[PDB]
Structures are given as structure tokens and as C-alpha cells.
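Visitor: Just dropping in an experimental structure and the matching sequence.
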Amino acid sequence: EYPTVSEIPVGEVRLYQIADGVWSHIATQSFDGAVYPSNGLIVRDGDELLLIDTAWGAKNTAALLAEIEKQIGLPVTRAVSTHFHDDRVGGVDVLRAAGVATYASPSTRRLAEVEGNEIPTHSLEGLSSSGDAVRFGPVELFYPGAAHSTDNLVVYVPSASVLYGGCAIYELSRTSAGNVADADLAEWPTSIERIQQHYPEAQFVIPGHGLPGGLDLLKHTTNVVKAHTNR
Ligand SMILES: O=C(N[C@H](c1ccccc1O)P(=O)(O)O)c1cc2ccccc2s1
Ligand SMILES: [Zn+2]
Ligand SMILES: [Zn+2]
Ligand SMILES: [Zn+2]
């Protein structure tokens, strides 16, 4: 049922309802000659929506807003980017122009600026040390420690037991690390264990790219990371 890379024409955005008031958004980026899927999250909060992550690029993010208006019809009032790379912040300027208040940790904003990427407007306090958590509308934001990037956040929806791992969590079909240029390989397994410790009740786990599963995705990611460490 979950849309896969091949089932989404490039440039389009699909929404997948995970639970009451919780969707993922799925988009594609054809880069270096190959096609990659990417996930973000949408969480209802009363009569408004919280967006987690852009759809990787201005045109994709414009299509995301159009699909949200078409299928859900509630306004996106805030957005959080979970780390500084273009698959999370590319499209922030589109969100800002549409009147969405954009947020990231101060570490993410700084890294995005250094990279020349788009920079969310607001700074999320209370997330600077591993293990820190804060509530943000209908979600909890959690900084597990450095992993895929030093600034990566994860997002938990307590009403639905949905854990969105972003790019710190790999889908099961990804058995090699790929590009990890900004990762902390040494800390990544420890950061994953903090996620497990904090969200042992999670029933759905959404990776940054590809198919959702359960908490098994965490130990799978640790296995991939450790194998890459010993490469
Ligand atoms: O989007 C992916 N990389 C992200 C990325 C790459 C380059 C520049 C910016 C950027 O944000 P990332 O490293 O997540 O930030 C990938 C997704 C998939 C999916 C399946 C198999 C391999 C890959 S590689
Ligand atoms: Zn990244
Ligand atoms: Zn504002
Ligand atoms: Zn990613």
C-alpha cells in the first residue's frame, strides 16, 4: 500500500495516511542519474497541520503544499526540518513564501548556512544535548545525539505511536550506508539506542527514505552502520 519509488512519477508528491491525523509525504529526486524516494511527516493539530521536512526541493515542496490543500484542506502553519541537508530544508523558501513558519534547531540553522542551503526562520530551543526532548504542538522532538548528521532530530507522535526517524533511520531494503559524509559513525549506534530507550512503545517507524516498518528498523540501521564502520 505504501507508495514506492517506481510508483510515483518524478515531481509528484503522494500522501499516505498512517493513523488518524498522521500522514507521511513521499516525493522523488532524480539526481546523478538515479531516482530516490524521500519521506516527511504531516501531523494534524486541531484545525491546522504541522509539517515535518520539505519534499527535497522547491518544485517538489510546491507540489507538496498543493497536494496537502487538495487532499487534507487544512493549513500548514508550522514546519520543522530535522537536519540541515537539502532533502530536509530544500523548499524552506517555498514554505516561507506561502506563509508557513519554519523551524529548526540552532545547530541545524548554522550547518544549513555553512552549506549554502535554505535556512529555517525560527530556532528550536531545548535540543542541544543528546537525550533532550521538547513538545512542539502535537509531536515530541527528540535529539538522540549525532548519527546521520550531528544535528539530526527525530519526531514522535504520541497519539498515534508513530516514530519518524528521518535520515538517522534506514529502511530495511537499504543494506549499505551509501553517502555518510557528515555522519558521526562512532556515535550513531549509541544515538539509535537512545531512540529505542525513549520510544519503546512506537508501533510505526518511518525512515527518511523508503518503506516504514517497526522498531526493527533501528537495529537494522545499527547493523548497516557498524558494517560500514568496519568496511
Ligand atoms: O536522499 C538521499 N540522500 C540525501 C542527500 C543526498 C545528496 C545531497 C543532499 C541530500 O540531502 P541525505 O544523505 O539523506 O541527506 C538518499 C536516499 C536514498 C534512498 C535509497 C537509496 C539510497 C539513497 S541516498
Ligand atoms: Zn542528510
Ligand atoms: Zn515566525
Ligand atoms: Zn535523507
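Guide: Sure thing, it's come through. Residues are numbered from 1 along each chain as shown. Ligands and ions are numbered 1, 2, ... in the order given.
Visitor: thinking residue 192 is in contact with residue 148, fair?
Guide: No: with contacts counted by C-beta atoms under 8 Å, residue 192 stays clear of residue 148, the gap being 10.3 Å. For every residue, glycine as well, the C-beta is placed using N, CA and C.
Visitor: Quick one: list the elements packing against the longest strand along the chain.
Guide: Identified as the longest strand of the chain according to DSSP state E is strand 34-45. With contacts defined as 3 or more C-beta pairs under 8 Å, 6 or more residues apart in numbering; DSSP states H and E, the secondary structure elements packing on strand 34-45 are strand 22-31, strand 48-52, strand 154-157, strand 162-166, strand 204-207.
Visitor: and of those, who's closest to residue 181?
Guide: Among those, strand 22-31 comes nearest to residue 181, with 14.7 Å by C-beta to C-beta.
Visitor: Burial check on the closest residue to ligand 2 within the chain, number of neighbours?
Guide: Scanning the chain for proximity to ligand 2 using C-beta to the ion identifies residue 85 as nearest, at 3.3 Å. Taking other C-beta atoms under 10 Å as the criterion, the count of residues near residue 85 is 25.
Visitor: residues touching it, list them.
Guide: 115, 117, 149, 167, 182 (C-beta atoms under 8 Å, 6 or more residues apart in numbering).
Visitor: Please report how far it lies from residue 32.
Guide: Distance from residue 85 to residue 32, counting by C-beta to C-beta, to the nearest Å: 15 Å.
Visitor: Also residue 86?
Guide: From residue 86 over to residue 32 (counting by C-beta to C-beta), the distance is 13 Å.
Visitor: Nice, that's everything, thank you.
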